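Participant: Got an experimental structure here, sequence first:
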Amino acid sequence: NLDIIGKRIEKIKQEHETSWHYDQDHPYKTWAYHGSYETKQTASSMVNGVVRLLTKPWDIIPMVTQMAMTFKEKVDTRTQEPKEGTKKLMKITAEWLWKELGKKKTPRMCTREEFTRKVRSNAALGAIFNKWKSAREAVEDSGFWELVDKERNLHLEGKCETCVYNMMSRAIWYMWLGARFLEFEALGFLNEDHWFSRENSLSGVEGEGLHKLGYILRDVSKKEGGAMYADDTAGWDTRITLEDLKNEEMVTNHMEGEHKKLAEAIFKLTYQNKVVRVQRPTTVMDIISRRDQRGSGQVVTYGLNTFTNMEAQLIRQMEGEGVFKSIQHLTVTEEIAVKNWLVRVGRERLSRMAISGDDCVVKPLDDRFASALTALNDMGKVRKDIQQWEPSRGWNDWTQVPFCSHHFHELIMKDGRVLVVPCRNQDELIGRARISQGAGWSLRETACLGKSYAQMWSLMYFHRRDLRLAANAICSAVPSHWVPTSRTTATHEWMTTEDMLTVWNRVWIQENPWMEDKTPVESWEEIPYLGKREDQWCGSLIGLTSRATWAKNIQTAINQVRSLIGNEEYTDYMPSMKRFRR
Ligand SMILES: [Cl-]
Ligand SMILES: [Zn+2]
Ligand SMILES: [Zn+2]
């Protein structure tokens, strides 16, 4: 307890000795409270004018317009200790899974060089602003690396001084860039060396890309077995137990030397013991601590969530198949049955899943899985929007299954070849592209962000009539050579100044392992749309008077945006579409 967290607490107290006070009206029940001190400060969603002026029909659609306007009662909850049988199942499964993921991979430290190159290319490292201004500045100053060095040698000694979280159905725990570096040095290998690629992990989809996910779900659908289950957990990060954090820490059993010691310190000192500062308007700063729940950098969070979800879903599969009778206690012979199941069919059972952090799709051996709930509930992974003991409802058609905020369509090209394409309600797509984050955007930077959205729509959502037209309009309205940008960067093949038809051919034909015929497409007119009724079902405005007037008059909208940006070199992409081709 305070032997591991006291030093961080001590150090903060001293910096605010003028304001330290144990507030008696503290709201915390499940977090340990330590003290408060004096502060005063707040990041709203800003509208992208380039995208909004080229999507006029959506100006009167509240599902779009409300997205730009405007659970900490879930962070302050507790999870009970799992039963002895559950703890045994989790430990056996986690031991087996780290070994499988480690068969073709070697754990290793990530470098100052790799970290530096990440900060110098706008990767979201979830850091806090104060001695240096930006991350770019800290990394180019040797004083920083000496602070890093002091902490590093403290971690080798099994102690922590400066690794403190700042809190802000979501929750982002920002840390100072130094604490983020030390996390990346020790555990960055999971992401940098693709431990959760589908080739390496069989259930994972890390690095796969939205153009691959539908093909992966269709391949799972080809297995013999029951319905496809896609159960969402209520507040996954808040249901990570101390037992889960101890099973995740077993990755260190595969390490050696300095690396082993630096990783053991991240898990012990920052994950299994956390120090957090939170803004309360009563504005003060609260210093609180706890042992359990997920609070890591977003990229390490993704890999450990994927690990623990793979573990939880294999155990749910074991329960459905009758491998064990009760979570109260595993007999010695059930332990051997469980290990033997993993060796015999574990890899096949992983291939029945698609798992992206807390998001899963599972095609079990049969539908006993639907009512196999004792281990899942006792591990704390309680299903969202269903009563605790009500059997899961599965999907009978892979094209209906939700995954990574999408569903997937099978789309047949005029030439017979089959595309499996990503989709979601079109109001969500248009409303997101109309929003920016942060201050000081120039008109050029705003245009280049609109171009990023447009090129994403051309590559992923070309099959939606309204998005192909709006993408062509935005690309016509932004100078042809201006480079697409994002401040907050999976595979992003639309982030390029290469011709989008060339990129479409590379992604959907040349490099697509599910497309046997590699004949290139010569024009956008060869690339199909959803059926008109299906496009409407998925939120198209095709058929509305507002949409018809927008489509007819699109050159007027394009010319409005060109007049604002000024006298630049532009390309007309509208004649790539049959209706503007004379
Ligand atoms: Cl269905
Ligand atoms: Zn530390
Ligand atoms: Zn759809």
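Facilitator: That came through, no problem. Numbers count the residues shown, from 1 in each chain. Ligands and ions are numbered 1, 2, ... in the order given.
Participant: The closest residue to ligand 3 within the stretch 151-300 of the chain - how many residues pack around it?
Facilitator: Closest contact between the stretch 151-300 of the chain and ligand 3, by Cβ to the ion, is at residue 214 (10.6 Å). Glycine gets a C-beta too; all of them are placed from N, C-alpha and C. Using other Cβ atoms under 10 Å, residue 214 is surrounded by 25 other residues.
Participant: helix/strand/coil for it?
Facilitator: Look at residue 214: counting by DSSP: H, G, I helix; E, B strand; the rest coil, its state is helix.
Participant: surely it meets residue 418?
Facilitator: No: at 10.7 Å, residue 214 and residue 418 do not qualify as touching, with contact defined as Cβ atoms under 8 Å.
Participant: How about the secondary structure of residue 334?
Facilitator: Judged by three-state DSSP, the three-state class of residue 334 is helix.
Participant: ok, it - contacts?
Facilitator: Going by Cβ atoms under 8 Å, 6 or more residues apart in numbering, residue 334 touches 323, 324, 325.
Participant: Could you list the domains of this structure?
Facilitator: Using automatic domain parsing, the domains assigned to the chain come out as 1-38+111-187+242-291, 50-55+404-580.
Participant: now for these, which one comes closest to ligand 2?
Facilitator: Among the domains of the chain, the nearest to ligand 2 by Cβ to the ion is domain 1-38+111-187+242-291 (3.0 Å).
Participant: who in this protein is up against ligand 3?
Facilitator: 423, 538 (Cβ under 5 Å from the ion).
Participant: ok, 8 Å please
Facilitator: Counting by Cβ under 8 Å from the ion, the chain comes close to ligand 3 at 407, 409, 423, 424, 425, 530, 534, 537, 538.
Participant: Quick check: of those, which has the highest neighbour count?
Facilitator: Ranked by neighbour count (other Cβ under 10 Å), the residues of the chain next to ligand 3 have residue 423 at the top, with 23 neighbours.
Participant: ranges for the strands of the stretch 101-250 of the chain?
Facilitator: For the stretch 101-250 of the chain, the strands defined by DSSP state E, counting those that start in this stretch cover 127-128, 165-167, 173-176.
Participant: Show me what the longest one is packed up against.
Facilitator: I take that to be strand 173-176. On a contact count with 3 or more Cβ pairs under 8 Å, 6 or more residues apart in numbering; DSSP states H and E, strand 173-176 meets strand 127-128, strand 165-167.
Participant: would you list the ones you listed in a markdown table and tack on distance to ligand 2 and mean neighbour count?
Facilitator: Output for the helices and strands packed on strand 173-176, formatted as a markdown table (distance: least, Cβ to the ion, whole Å; neighbours: other Cβ atoms under 10 Å):
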| stretch | distance to ligand 2 | mean neighbour count |
| --- | --- | --- |
| strand 127-128 | 14 | 18 |
| strand 165-167 | 11 | 19 |
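Participant: Among those strands, which comes closest to residue 550?
Facilitator: Closest approach to residue 550 among these is made by strand 127-128 (41.9 Å; Cβ to Cβ).
Participant: in what helix or strand does residue 446 lie?
Facilitator: Residue 446 belongs to helix 443-460 when assigned by DSSP states H and E.
Participant: Now do the contacts for residue 298.
Facilitator: Neighbours of residue 298 in contact, by Cβ under 8 Å, 6+ apart: 124, 126, 172.
Participant: Name the SS class of residue 420, please.
Facilitator: strand.
Participant: Would you agree it is in contact with residue 215?
Facilitator: Yes: here residue 420 reaches residue 215: they are 4.9 Å apart, a contact under Cβ under 8 Å.
Participant: between these two, what contacts are shared?
Facilitator: What both residue 420 and residue 215 touch, as defined by Cβ under 8 Å, 6+ apart, is the set residue 514.
Participant: Among these two, which residue is more densely surrounded?
Facilitator: Legend: neighbour count by other Cβ under 10 Å for residue 420 and residue 215, higher for residue 420 (22 against 18).
Participant: Can you name the residues that contact that one?
Facilitator: Counting by Cβ under 8 Å, 6+ apart, residue 420 has contacts 214, 215, 218, 408, 409, 410, 411, 514.
Participant: make it 10 Å
Facilitator: 211-219, 398-399, 408-411, 508, 512, 514 (Cβ atoms under 10 Å, 6 or more residues apart in numbering).
Participant: again with residue 453
Facilitator: Going by Cβ under 10 Å, 6+ apart, residue 453 touches 48, 50-51, 429-430, 432-435, 467, 470-471, 474, 484, 486, 494.
Participant: In helices, which of the residues you listed appear?
Facilitator: Among the contacts of residue 453, the subset assigned to helices under DSSP state H consists of 50, 51, 429, 430, 432, 433, 467, 470, 471, 474.
Participant: wait, which of those is closest to residue 259?
Facilitator: Distance to residue 259 across the ones in helices among the contacts of residue 453 (Cβ to Cβ) is lowest for residue 432, with 39.3 Å.
Participant: Quick check: the nearest residue to that closest one once chain neighbours are set aside vs ligand 2, distance?
Facilitator: The shortest distance from residue 432 to any non-neighbouring residue, by Cβ to Cβ, 6 or more residues apart in numbering, is to residue 67 (7.1 Å). From residue 67 over to ligand 2 the distance is 38 Å, taken as Cβ to the ion, to the nearest Å.
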